[PDB]
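Novice: the data below comprise the sequence and an experimental structure of the protein.
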Amino acid sequence: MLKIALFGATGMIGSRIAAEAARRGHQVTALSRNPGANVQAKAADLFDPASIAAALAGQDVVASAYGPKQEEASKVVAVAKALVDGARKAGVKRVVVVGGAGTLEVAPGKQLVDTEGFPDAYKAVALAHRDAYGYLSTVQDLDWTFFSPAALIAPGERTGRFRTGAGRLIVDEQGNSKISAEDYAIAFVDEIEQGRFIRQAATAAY
């Protein structure tokens, strides 16, 4: 039903997104600099203005699925910026990006990254996600969604049972923010179809 173009498709998160979309009958194209099964593949350089716009031509949705192993703090904003510019130039309205658990709101105006005990090692990327989200909040003319994983996301069970909300922290009775990568992919692709979180942060967790 939808033509989805996806950056970061070989990642732990990205590969699950591509497979989740393919198994539903969406037409998935993995875009990369050096380009794959039920999912097609095409050359595209995210940071080359003409390259992205050309590759997105005719797509319904552009998604970026760089996760914790693929992303770099110093590139997170530029990716968001390059995506938005490409989508505009190509006429693509729906943009969905993997966000950051550190941005999840714990109280009005208070994010997880700023909480007591937040891991030092994830601070730099959490801040970069914060600015990416800050940039996207100025964008009124695209249907973007900044879709943050839970604090803990790894391969696990595909249950299709999880909570979702507009970018606030979701914890279980024990105080855990967890989502399997398969379930996060269910959420992410549901959001592509449903548009529950247009121009909003979004997140999923048990």
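Specialist: That came in fine, so what should we check first? Residues are numbered from 1 along each chain as shown.
Novice: so what's the spatially most central residue of the chain closest to, chain neighbours aside?
Specialist: Among the residues of the chain, residue 98 comes closest to the average C-alpha position under C-alpha atoms, centre = their mean, at 1.8 Å. In space, and not counting its chain neighbours, residue 98 is closest to residue 65: 5.3 Å by C-beta to C-beta, 6 or more residues apart in numbering. No exception for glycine: its C-beta is placed from N, CA and C like everyone else's.
Novice: for the one you found, what are phi and psi?
Specialist: Torsion angles at residue 65 (phi, psi; degrees, to the nearest 10) stand at phi -120, psi 20.
Novice: pretty sure it contacts residue 11?
Specialist: Yes. Residue 65 is in contact with residue 11 according to C-beta atoms under 8 Å; the separation is 6.0 Å.
Novice: looking at these two, which is more packed in?
Specialist: residue 65 (26 against 20; other C-beta atoms under 10 Å).
Novice: what are the ranges of the strands in the protein?
Specialist: Taking DSSP state E as the test, the strands found in the chain are 3-7, 27-32, 40-43, 61-64, 94-98, 105-107, 110-111, 143-148, 152-154, 163-165, 178-180, 200-205.
Novice: which one, of the ones you listed, ends up nearest to residue 187?
Specialist: Closest to residue 187 of the strands of the chain is strand 200-205 (C-beta to C-beta; 3.8 Å).
Novice: so which elements touch that closest one?
Specialist: Here strand 200-205 touches strand 143-148, strand 163-165, strand 178-180, helix 181-194, going by 3 or more C-beta pairs under 8 Å, 6 or more residues apart in numbering; DSSP states H and E.
Novice: distance to residue 126 for the strands of the chain - can I get that in JSON lines?
Specialist: Listed next are the strands of the chain as JSON lines, based on distance: least, C-beta to C-beta, whole Å:
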{"stretch": "strand 3-7", "distance to residue 126": "21"}
{"stretch": "strand 27-32", "distance to residue 126": "26"}
{"stretch": "strand 40-43", "distance to residue 126": "31"}
{"stretch": "strand 61-64", "distance to residue 126": "17"}
{"stretch": "strand 94-98", "distance to residue 126": "13"}
{"stretch": "strand 105-107", "distance to residue 126": "13"}
{"stretch": "strand 110-111", "distance to residue 126": "8"}
{"stretch": "strand 143-148", "distance to residue 126": "10"}
{"stretch": "strand 152-154", "distance to residue 126": "14"}
{"stretch": "strand 163-165", "distance to residue 126": "19"}
{"stretch": "strand 178-180", "distance to residue 126": "17"}
{"stretch": "strand 200-205", "distance to residue 126": "13"}
